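Quick heads-up: the structure tokens below are two forms of one chain, split into structure 1 and structure 2.
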Structure 1
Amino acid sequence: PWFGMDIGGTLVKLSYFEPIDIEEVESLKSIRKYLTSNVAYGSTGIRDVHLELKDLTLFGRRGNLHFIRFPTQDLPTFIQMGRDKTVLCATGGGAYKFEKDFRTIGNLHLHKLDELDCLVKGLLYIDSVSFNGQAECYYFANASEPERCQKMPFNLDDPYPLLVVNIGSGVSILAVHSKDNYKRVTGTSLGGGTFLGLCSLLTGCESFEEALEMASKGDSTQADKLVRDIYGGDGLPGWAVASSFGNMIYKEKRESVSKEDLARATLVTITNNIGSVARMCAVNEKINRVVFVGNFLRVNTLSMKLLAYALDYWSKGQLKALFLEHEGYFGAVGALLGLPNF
């Protein structure tokens, strides 16, 4: 059973390689069968079927690469399931936090892998093998004009240099200069857990998906104070945000604003702040390709377009926002790839 595992502060990501080029043990068969015949595991486990890499050749075997996720909160259940029925490559903060918990599985050997190595290695790997013939990486062409703005593939055959912006619970920013030369540049604590935390407080939403659905209906200008609110008009345009949630300092506006407006304003606030940080690190690092990963952006087209627009506008076209189909899973994958070393 070949597994790579990225245990983050919010989500566990699992990459699983299923051999297809196959008298083995019954419970080994039962795990394989359980994983390939189900797309929901328990009440919170999900296999991302559309992300599956087929007929991949890995470690001299032909197989399928599957991508699975569940909340870190439910890791105890995953471990319990484990003790009822192995070398495990694992990265993310939880690799250390839950180390002792994994060892309650008799004989199981836990190999903790550097989160930096795993993410970069997993990123490079997936891009090099392609997404079943198609581009793993893509950008939004004409990011400023909604009429022309559309998703289009983007080539990363020579991916250096690269600024990687990892939006999970918080934000980590990496600069990748070559194969064995890359570093963590900085980070902010205003990431996806800020969006989801604030939004739950402000709106009472009880999933990421529900927060996105609310945001899609709202009007962030109802909560944000714009340049034109301060100036009366328009190098800042009047519609640009001058103060996020700045109009909520007025009691009468707080009482007229809806949950949807507030969800949207939370999303716009977090996203735009991340774009701005990203742009600043790119200038500092002299890198013009900025790739976004993590799960803040999954099924989140709004944030992706905001980032694309912001990097493009602010930079006059010199900075390009890039995105990745497998954006949440690169740590899990790089962990899996560290398996031969042991």
Structure 2
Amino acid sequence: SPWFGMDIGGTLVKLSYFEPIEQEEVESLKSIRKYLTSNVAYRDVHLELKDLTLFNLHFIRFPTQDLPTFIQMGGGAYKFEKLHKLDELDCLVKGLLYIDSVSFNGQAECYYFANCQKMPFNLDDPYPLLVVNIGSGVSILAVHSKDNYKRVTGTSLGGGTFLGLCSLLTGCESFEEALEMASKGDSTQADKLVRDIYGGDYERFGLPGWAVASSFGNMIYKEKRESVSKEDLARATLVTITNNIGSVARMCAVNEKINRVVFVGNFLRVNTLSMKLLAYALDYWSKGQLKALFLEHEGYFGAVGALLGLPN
């Protein structure tokens, strides 16, 4: 009766719970969940939604290893049996539409960066819609209605491609390590810009000097290979990923004739930096004809999408 749905990845579980407005039972349940969370201590409450009717919504994440403890209290779930599975993407969609239709407590679930500061975007009649899911790789979904959507393409250069490389480039233990490393790096030391070839704008084919002519182009020169810092390659690594994703997304929006491109995925959660670089990139490839949109509950959509398949 306490309604909920879990997003089970290979390292983490994302979960949404509906707190109805018995009382003692939920409380004691809440008390020992407080135990475990304060164990972990050695923004999830920011995204709580109140006074919403559903025929509160709380949002939490915790290691998959912590999950079996709750019994006494996607890709990951098949190996945790050690329930009925549901397609992450189907749950991503159903979940996404719901929250965006219900708003964020009278504020907007969808937003973008104006240029840069963040600003909202009414997305209440969202069809059609281009959803770019960035996990280890990227899958692009063209959504036409609540009951129709399909994966029209993808790229193998996603999150697993960035951390995968930076770990090889930097010895970085974790993702946020690479992020904050990237956050301090400068890509131009690694990549070759347009002006690195022509001295300036390639005006003939409408190319500015500041565009990236070659990812890691300057790393063919041992001179500059010794001269590049860990953080730059961390930075250099992420730039390429984002720029390529923006390019594919833009080409997709053109072919599928969709003007709204929202980015999601477990990859977008820890830092807004990932988000901004996509925003700059989609801006460049669509030449401003496309804005990038993002969601505040990015990461729990699968979780809630699982919540609404509940059988009664």
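The term rigid core refers to the most C-alpha atoms you can superpose between the two forms while keeping them within 1.5 Å. Start at 1 and count along the sequence of structure 1; that gives the residue numbers used here.
Asks: Just one of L190, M248, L75, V227 has a CA that shifts 2 Å or more between structures 1 and 2 on a core fit; which is it?
Replies: Residue with a C-alpha shift of 2 Å or more: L75.
Asks: Is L302 among the residues whose Cα moves by 2 Å or more between structures 1 and 2 after superposition of the rigid core?
Replies: Yes: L302 shifts by at least 2 Å between structures 1 and 2.
Asks: So, does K33 move by 2 Å or more at the CA between structures 1 and 2, with the core held fixed?
Replies: Comparing the forms between structures 1 and 2, which are aligned on their rigid core, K33 does shift its C-alpha by 2 Å or more.
Asks: Does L116 move its CA by 2 angstroms or more between structures 1 and 2 when the core is aligned?
Replies: Yes, the C-alpha moves 2 Å or more.
Asks: How many Å does the Cα of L11 travel between structures 1 and 2 when the structures are matched on their rigid core?
Replies: C-alpha shift for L11: 4.6 Å.
Asks: Can you read me the CA shift for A135 between structures 1 and 2, rigid core superposed, in Å?
Replies: So the C-alpha of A135 has moved 1.0 Å between structures 1 and 2.
Asks: Let me know the CA shift of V171 between structures 1 and 2 in Å, rounded to one decimal, core fitted.
Replies: Its C-alpha moves by 0.2 Å once the cores are overlaid.
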